[PDB]
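Topology and contacts: notes
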Amino acid sequence: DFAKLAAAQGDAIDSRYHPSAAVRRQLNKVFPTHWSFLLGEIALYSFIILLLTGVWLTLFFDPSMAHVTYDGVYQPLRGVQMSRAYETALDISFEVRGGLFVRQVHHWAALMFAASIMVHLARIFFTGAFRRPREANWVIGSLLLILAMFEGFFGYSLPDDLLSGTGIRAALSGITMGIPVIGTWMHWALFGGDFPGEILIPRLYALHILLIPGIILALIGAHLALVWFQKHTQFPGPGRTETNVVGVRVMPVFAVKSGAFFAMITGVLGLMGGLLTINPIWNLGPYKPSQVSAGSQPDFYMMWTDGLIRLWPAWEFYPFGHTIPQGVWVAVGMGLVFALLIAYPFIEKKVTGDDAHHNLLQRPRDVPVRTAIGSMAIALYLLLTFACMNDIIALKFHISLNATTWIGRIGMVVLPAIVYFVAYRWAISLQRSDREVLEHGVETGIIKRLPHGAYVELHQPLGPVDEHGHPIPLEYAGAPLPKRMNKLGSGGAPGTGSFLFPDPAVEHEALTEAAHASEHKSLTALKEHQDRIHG
Amino acid sequence: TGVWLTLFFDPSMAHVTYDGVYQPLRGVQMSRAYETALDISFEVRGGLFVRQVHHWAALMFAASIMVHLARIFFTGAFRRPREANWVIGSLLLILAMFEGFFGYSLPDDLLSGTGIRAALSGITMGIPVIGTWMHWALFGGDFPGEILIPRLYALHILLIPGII
Amino acid sequence: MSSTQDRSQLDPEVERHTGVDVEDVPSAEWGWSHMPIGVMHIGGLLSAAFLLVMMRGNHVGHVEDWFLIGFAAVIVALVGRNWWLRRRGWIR
Amino acid sequence: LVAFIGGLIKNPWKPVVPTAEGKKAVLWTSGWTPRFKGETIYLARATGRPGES
Amino acid sequence: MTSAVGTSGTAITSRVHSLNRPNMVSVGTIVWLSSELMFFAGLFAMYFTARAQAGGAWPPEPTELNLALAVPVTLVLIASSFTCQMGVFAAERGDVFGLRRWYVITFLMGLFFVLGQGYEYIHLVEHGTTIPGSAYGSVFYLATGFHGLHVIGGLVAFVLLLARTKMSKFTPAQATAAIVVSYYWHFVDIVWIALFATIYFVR
Amino acid sequence: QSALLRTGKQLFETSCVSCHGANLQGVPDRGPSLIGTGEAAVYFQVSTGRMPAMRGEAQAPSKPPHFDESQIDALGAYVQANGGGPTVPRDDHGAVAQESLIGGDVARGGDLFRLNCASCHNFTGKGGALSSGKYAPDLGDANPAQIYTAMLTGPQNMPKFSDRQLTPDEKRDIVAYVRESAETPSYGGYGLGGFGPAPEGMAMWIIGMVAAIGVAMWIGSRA
Ligand SMILES: CC(C)=CCC/C(C)=C/CC/C(C)=C\CC/C(C)=C/CC/C(C)=C/CC/C(C)=C/CC/C(C)=C\CC/C(C)=C/CC/C(C)=C/CC1=C(C)C(=O)c2ccccc2C1=O
Ligand SMILES: CCCCCCCCCCCCCCCC(=O)O[C@H](COC(=O)CCCCCCC[C@@H](C)CCCCCCCCC)COP(=O)(O)O[C@H]1[C@H](O)[C@H](O)[C@H](O)[C@@H](O)[C@@H]1O
Ligand SMILES: CCCCCCCCCCCCCCCC(=O)O[C@H](COC(=O)CCCCCCC[C@@H](C)CCCCCCCCC)COP(=O)(O)O[C@H]1[C@H](O)[C@H](O)[C@H](O)[C@@H](O)[C@@H]1O
Ligand SMILES: CCCCCCCCCCCCCCCC(=O)O[C@H](COC(=O)CCCCCCC[C@@H](C)CCCCCCCCC)COP(=O)(O)O[C@H]1[C@H](O)[C@H](O)[C@H](O)[C@@H](O)[C@@H]1O
Ligand code: HEM
Ligand code: HEM
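Residues numbered from 1 in each chain as written, not as in the entry; some residues may be left out. Chains lettered and ligands numbered in written order. Part of a larger assembly, values for the part shown. Heavy atoms only, no water. Residues with missing side-chain atoms left out of burial classes, pairs and counts.

The deposited coordinates for this entry were obtained by cryo-EM, with a reported resolution of 3.5 Å.

Here it is, written out as structure tokens:
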């Protein structure tokens, strides 16, 4: 009554619907097993956490700006005027059982979300997963990053703790007023009044439960549909031509490791949602516009923005009776970088000439100027971030505060040039380091030559050898070639027994002969498939 | 309409005096849900129209669900291929009904505040074993428990319309 | 020794004529591998011009303007040396 | 589209706040401005007492 | 492949040879042991003055210096020296399991030494001296505490070499690694015999 | 006691008169004047340790104390007899009062610390950066009498929150806040500093995201 009822309900599902065609198409789909192809899954797998916590945070949070005295449990805030957003965020922190944990693992899931989006953008950038067939997928993923950034900024500003209330005052109301023609108009449309306009926090709650995460969920749905139906890309390797995806199928293997990786991402978020404090809004105060911190720094995925405020050197213009302030520039500048980050595949489609349907990836050493432009962007992000904690860097690492913001202000101009030089020539030297492992072998320990005194490194060749001390030099194929005989089948047979006690020797012989024959069968089947493609 | 109504409505039960434009409610204690629903009605340009066409769209929604249930019932559109479609449509009717009830109770106008007192708090207390417990879990307190209207706003923007 | 060969037929491509030869960079057909060099010359020169424009601001510490002159003169010296060596064909 | 946006678009330069000159807009008006003529606007501190004075 | 050109027992080789050739990681860790002995000479000279200074009953009044918890953990550590030497006897004769059993129990009672020294530090700071509290308390906390860092680094070497025995075939190079970590840690607990004679017995 | 003034003078002559001129004056462009600052100022500036200092830099930082409580009273009464100003609050034993200074309220101290000064330091009293090399220090290693005499006579770049700017009820109230904000544990995990999002970012990357990418490279292979 456990397999018979499964067969009966399966024939019922096949009777009502006719799914088995469009289920077999799904659970025979192959995803490749490279590790970096899990990175964007983190941006999925934390995002579901952001719903599963976040829904829970919706049914306790009360947005308002109606000024209430606390009269609750938290003693250093009693009788103090606070917005009811902050009061019920304090109630999430201290009243409800396991409430501080759910809101902390929610904030940590937001950090892992907006950081894994950046890690995965680094993946699909430097591996070249964005040219011709997947450029719209880059565009909707880039827009998904923009919505992630703005929506998280609506997130930690949603209680008006004053560390983020001054973040609204800096970013969302100083830059918004600082836009030339229609700046004040979109400010007073966004707030409905002055800066503590009484319908800001509920408007952010409206945009932040549903209105931006509805668009984020729609773009993730269409995004994973573009990854799903239009097949996944892959690195080139042994049996990996342009028009096939090699790897594991969905049903026995990929579903198990994907669900287990969802569970381990949730484990990392839960461990660091418990063991590490985040946004301690009771240590912070209610937002009152006459008191600040010293840090006053945003969350890290937006620290490149007002760090760009912290580094742009006070250039204001004054036309005939008006004022362009500094905040126009970064309102241009954030509009600049996004217009380079959305529209990059069309930019280098124009520059390079990549008018070809690319499915195989390119290793990020194989494309040195694009990896170097990318490392310019990575190090420029790291500079604009690492000079946004300008304050606390100059605090702890004892530097003059003026000195470290000048270090940033020169660094955003000269350090992309330095990292472009180092990145371009480092990619070319990584190419040359695995283009001499083909013309020579793989390096090992030293033998001396017998009749005279020499020292050869005793290279182990990768392909066919000639009759003498040099092999037939292979051609490059976009693959990671192994540079250690370690990573080949050399000395990789320890005792199979236990960590403390050995198994009997016939069992060791059976296990190592069976595993050796299975690995031999793996490379034999992959090699004969590779010969079937060309032959 | 409803997205448009989210970015003007402020749910609360913090008691505010009106001090706005509507003259027969001035200096009267009101929840801020009711105060910003009055602001949707009278402050914003074309606001009363969008919230009214929102309520009429809710009526045409929950009435056309009943008309269409009459269609697929009496025409027999629910047997062997499509009984799961009947089940998820029926659950969709249940969520439509409960979610609209969370809807017109979301401003606490007292015509629907007494609807919360009758339906959502008299029937909820009136359940034998675990009745008072699910009442005090749903409200967090007494009947004007200060986290009812934001919980209905939470269930009513996203949490029930996400399932819908 | 427990490895197979690797063979990848890509879509190889301007189409393999103008750019960098496959002996300057060891894999030029496998991806985009040459920025045009006037772009990086004018990028360095415009970087140094931006560092020289950065004097204009709220400013009393003139110990910084010597860093701006220094990091601008280093970039102008590198760009000028690099352009002069390509004007003479990498000589002296 | 204007029915979407028209509920949002407020004029920041509608004269709202009463001032000594008359009704000025909000950006040219803090709470430091006089309401009718020279009135005593005391530079009072905020002793952070919970509510009473 | 054809067969290989580096047809050896592993990708790792011994370090040169050890039948008519000295082992080279052996002499490397011997001279680095000698350097760390000079590091302990720096710590001993920070001890043997600031004991010529304090006169009379010189270990000060809050330092009820516990010997009844000191001499059991020294006895644990120097019996663990013989467990580690039995591990290298089972490393010369080439079985990973005789290595791993004796190094697991050597790591366990070396961890017991580290936890006993940590409990001695807790029990001697909570009703006694602190490192800004005394001269003798500070030199006691640094002359044996950075020895605690030496033995916790030796424990890191034990767990690290045990994972290394998990991941590869037991070569003579790995017996070289085992004998090197073996008498690094033998140096650690001969320096601790020197420190335990110095601090507690000789004073 | 006049012998206590003499003890203050004996310690004064042999520690500072290279930078205070031995008539309690200011040695010009080497050390400022010292009269009028008083016993409270000398208690905070030597009991913390700071002013028996060694260079004139961006700001003279914290250090171990160069004199003890049996001598700070001598040195502060000597500077108050030569000058005269704010004095350190003392209990019914004549010693420096350090526990009777924590006020009976914290939330008023929270709002008043937060308004009046937590711009400079932090919310819980961690450090904050200042303009040209100078910086606010952490308030964790701060004796409550040093906190009262820190705000009472402002040493370096901080305003002297006087006896009339903040009343002693308010100052006892602020030192009630900071000795139970830099002392209370971080509710709900490790306190990544006191200031929020930059340590939370850096501990997202190398603790959380490095572990996430390590799991992702243990699960998936590489090719
Ligand atoms: C890939 C690249 C961005 C190319 C895009 C195309 C480019 C031309 C578009 C224009 C961009 C240019 C003009 C301006 C730069 C602005 C910038 C790109 C803003 C967009 C946001 C986003 C795309 C940022 C870039 C992606 C991000 C930096 C990738 C992460 C770095 C790497 C590759 C991932 C692995 C790192 C992982 C293993 C952890 C290692 C630990 C290291 C120390 C982390 C570094 C680090 C980081 C990255 C923090 O953000 C951070 C924030 C707060 C505190 C501390 C840290 C911190 O230590
Ligand atoms: C992870 C490792 C990172 C290592 C990075 C190491 C940093 C490189 C060198 C930095 C040199 C810093 C020297 C600063 C010394 C200094 O204090 O000078 C100040 C201002 O100088 C300056 O900042 C100019 C120097 C700018 C440096 C150029 C930047 C180079 C780039 C490439 C480095 C960026 C690295 C960022 C890393 C991020 C990660 C990237 C992957 C003067 O202003 P100030 O002191 O406040 O005022 C004065 C009164 O104090 C005083 O009494 C009175 O007398 C007057 O002088 C008055 O003006
Ligand atoms: C997303 C698409 C973006 C498209 C933007 C361009 C489309 C513009 C269409 C709107 C046209 C005007 C609609 C009617 C408006 C009208 O009649 O305009 C009067 C005086 O303006 C004017 O002539 C100037 C009109 C020029 C428009 C300038 C603003 C354009 C954009 C850039 C602003 C951004 C908006 C979207 C971003 C915000 C994001 C939100 C999440 C207001 O005087 P006021 O006295 O404040 O009356 C108040 C009642 O309006 C008000 O509803 C009522 O609430 C009362 O407050 C009442 O006081
Ligand atoms: C296992 C069973 C479950 C038990 C729960 C385990 C979860 C931990 C929470 C339990 C309570 C512990 C938190 C204590 C309460 C607490 O907040 O933790 C403070 C933070 O202090 C410090 O840092 C010193 C701590 C040093 C320890 C090691 C540091 C942690 C590292 C590993 C974090 C990694 C971050 C990423 C590195 C970035 C990479 C860079 C390349 C330490 O308090 P304390 O030392 O006594 O005094 C404070 C003064 O530090 C403070 O300057 C003073 O201002 C006051 O706050 C005072 O109270
Ligand atoms: C799209 C991805 C999301 C991100 C990056 C994000 C980010 C954040 C962040 C950083 C906070 C501040 C948490 C704190 O420090 O207390 C927050 C709060 C919140 N989140 Fe989200 N969120 C996301 C989606 C959602 C969703 C889908 C929901 C509900 C269905 C939700 C509900 C909430 C609520 C109600 C709050 C405010 C309560 C509080 O902050 O204590 N979030 N969010
Ligand atoms: C699932 C179908 C829905 C139904 C049947 C429904 C029903 C209602 C009803 C009857 C009201 C009361 C209107 C009034 O008399 O003022 C209401 C209000 C509201 N609706 Fe919905 N609604 C639905 C979906 C949504 C969605 C999807 C959103 C937002 C994305 C939304 C946003 C709102 C808001 C914020 C209010 C309160 C503002 C006000 O009542 O003035 N509704 N809803």
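Text resumes after the structure shown.
Concerning the overall build of chain F
We apply this condition: By the criteria applied, helices consist of DSSP H or I runs no shorter than four residues and strands consist of E runs no shorter than two, each listed in order from the N terminus. Three exposure classes are used, based on accessible area relative to the maximum for each residue type with a 1.4 Å probe and protein chains only: buried under 20%, partly exposed in between, and exposed over 50%. A contact between two residues is defined here by any heavy atoms of the two lying within 4.5 Å. In these tables, accessible area is a Shrake-Rupley quantity obtained with a 1.4 Å probe, and a residue counts as shielded only by the protein chains included in the view. Under the counting rule used here, the positive set is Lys and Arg, the negative set is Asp and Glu, and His together with the chain ends is not counted. Where a charge sits is defined by one atom per residue type, namely NZ (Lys), CZ (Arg), CG (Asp) or CD (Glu).
Of regular secondary structure, chain F possesses eight helices and two strands. From first element to last, N terminus to C terminus, chain F shows the α and β order α-α-α-α-α-β-β-α-α-α. Along the first, second and third principal axes, the C-alpha atoms of chain F reach 85 × 40 × 30 Å. Counting across all 223 residues of chain F, residues that qualify as buried make up 48%. For chain F, long-range pairs separated by at least 24 residues make up 59% of all intrachain contacts whose partners lie at least 6 apart in sequence. Within the structure as shown, chain F displays about 10,300 Å² of accessible surface, and the carbon and sulfur contribution to it stands at 53%. Seen as two clouds, the 17 positive and the 21 negative side-chain charges of chain F have centres 8 Å apart.

Brief notes about helix α3 (residues 47-74) of chain B
All names here are of chain B. Note the threshold: Each residue after the first adds 1.5 Å to the expected span of a helix.
Here α3 is 28 residues long and its end C-alpha atoms lie 40 Å apart, about the 40 Å a rise of 1.5 Å per residue gives. Residues of α3 that are buried: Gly-47, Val-50, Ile-65 and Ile-72. For α3, the elements touching its buried residues are α1 (2-6), α2 (32-42) and α4 (83-104). Remark: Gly-76 follows α3 within two positions and exhibits a positive phi of approximately 70°.

Comments concerning the coordination of the iron atom of ligand 6
Residue and element names in this part refer to chain B. The line we're drawing: Sites may look incomplete, because water is not among the atoms used; the donor set itself consists of N, O and S atoms within 2.8 Å of the metal (3.2 Å for Na, K and Ca). Angle rules define the geometry names used: all angles between 85 and 135 degrees makes four donors tetrahedral, while opposite donors over 155 degrees apart and all other angles between 65 and 115 make four donors square planar and six octahedral, leaving every other case irregular.
Around the iron atom of ligand 6, the protein supplies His-54 (NE2) and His-156 (NE2) as donor atoms, at distances of 2.7 Å. Classification of the site at the iron atom of ligand 6 rests on its six donor atoms, whose angles at the metal span 68 to 174°, yielding the label irregular. With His-54 in helix α3 and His-156 in helix α7 (residues 149-163), this pair connects stretches of sequence that are 102 residues apart. By relative accessible area, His-54 is classed as partly exposed at 26%.

A few points about the interface of chain D and chain B
Rules: Accessible area that two parts lose when put together, evaluated with a 1.4 Å probe and summed over both, is termed the buried area. Here, a salt bridge means any side-chain nitrogen of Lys or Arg that lies within 4 Å of a carboxyl oxygen of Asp or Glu. Any pair of N or O atoms that falls within 3.5 Å is considered a polar contact. Within protein, one atom must be able to donate a hydrogen and the other to accept it, and sequence-neighbouring residues count only if both atoms are side-chain atoms.
The interface is formed by five residues belonging to chain D together with five residues belonging to chain B. Summed over both sides, the interface between chain D and chain B buries roughly 380 Å², with carbon and sulfur atoms accounting for 63% of that surface. Broken down residue by residue, the surface that chain D buries against chain B is led by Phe-4, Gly-7 and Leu-8 of chain D, which jointly contribute 71%. Scanning the region where chain D abuts chain B turns up zero salt bridges. Run the count over chain D and chain B and you get one residue pair in polar contact.

Details of the site of ligand 2
Rule in force here: Nearness of a residue to a molecule or strand requires only that one of the residue's heavy atoms be within 4 Å of it.
Residues in close proximity to ligand 2 total 16 residues, the closest being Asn-402 and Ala-403 of chain A, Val-63 and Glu-64 of chain C together with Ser-132 of chain F. At the site occupied by ligand 2, the surrounding residues belong to chains A, C and F. At 3.4 Å from an oxygen atom of ligand 2 is found a side-chain nitrogen or oxygen belonging to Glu-64 of chain C. When the free accessible area of ligand 2 is taken as 1,200 Å², the share hidden by the protein chains comes to 50%. Where the shell around ligand 2 is concerned, the elements lending two or more residues are α16 (368-386) and α18 (401-433) of chain A together with α2 (63-88) of chain C.

Points about the interface of chain F and chain A
The interface is formed by 52 residues belonging to chain F together with 63 residues belonging to chain A. Three residues, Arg-114, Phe-123 and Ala-223 of chain F, lead the burial of chain F against chain A; their summed loss comes to 14% of the area buried on that side. Seen at the junction of chain F and chain A, the total is one salt bridge. Run the count over chain F and chain A and you get twelve residue pairs in polar contact. For the side of chain F that touches chain A, the secondary structure elements donating two or more residues are α5 (107-116), β1 (128-129), β2 (135-136) and α8 (197-219) of chain F. When residues in the side of chain F that touches chain A are grouped by element, the largest group, 16 residues, is from α8 of chain F.

Digging into the side chain of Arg-32 of chain B
For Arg-32 of chain B, the position within the fold is in helix α2. Note on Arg-32 of chain B: relative accessible area 3%, which makes it buried. Sequence-distant contacts of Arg-32 of chain B, defined by excluding residues within four places in its chain, comprise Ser-64, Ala-66 and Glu-198 of chain A together with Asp-10, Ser-12, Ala-14 and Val-16 of chain B.

A look at the coordination of the iron atom of ligand 5
Residues and elements named next belong to chain A. Binding of the iron atom of ligand 5 to the protein goes through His-106 (NE2) and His-208 (NE2), at separations of 2.7 Å. In this structure, the iron atom of ligand 5 is coordinated by six donor atoms arranged in irregular fashion, with angles at the metal of 68 to 174°. One end of the pair, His-106, is in helix α7 (residues 99-126); the other, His-208, is in helix α11 (residues 201-228), and 102 residues separate them in sequence. We note that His-106, like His-208, is buried.

Some thoughts on the site of ligand 3
Worth spelling out the cut-off: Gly is put with the polar residues, along with every residue not named as nonpolar or charged; the nonpolar set is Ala, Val, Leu, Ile, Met, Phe, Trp, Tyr, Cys and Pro, and the charged set is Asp, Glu, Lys and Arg.
As a matter of local geometry, ligand 3 sits amid 14 residues, with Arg-45 of chain B together with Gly-6, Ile-9, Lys-10 and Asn-11 of chain D nearest to it. Residues close to ligand 3 are split across chains A, B and D. One of the side-chain nitrogen or oxygen atoms of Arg-45 of chain B is found 2.8 Å away from an oxygen atom of ligand 3. Taking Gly-6 of chain D, its main chain carries an N or O atom lying 2.6 Å from an oxygen atom of ligand 3. Across the complex, the protein chains shield 61% of the 1,200 Å² of accessible surface that ligand 3 would expose by itself. For the shell around ligand 3, the residue count by class is seven nonpolar, three polar and four charged.

Some words on the UniProt feature "binding site: heme c 6" (unreviewed entry) in chain F
In plain terms, the rule: UniProt positions are given in the numbering used here, feature names are shortened, and annotations may be inferred rather than shown by experiment.
In this numbering, the UniProt entry assigns the feature "binding site: heme c 6" (unreviewed entry) to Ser-62, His-121 and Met-158 of chain F. Position of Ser-62 of chain F relative to the elements: it lies in the loop between α3 (38-47) and α4 (69-82). Mapped onto the elements of the fold, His-121 of chain F is located in the loop between α5 and β1. What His-121 of chain F contacts, discounting residues up to four positions off in sequence, is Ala-294 of chain A together with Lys-126, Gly-127, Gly-128, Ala-136, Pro-137 and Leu-139 of chain F.

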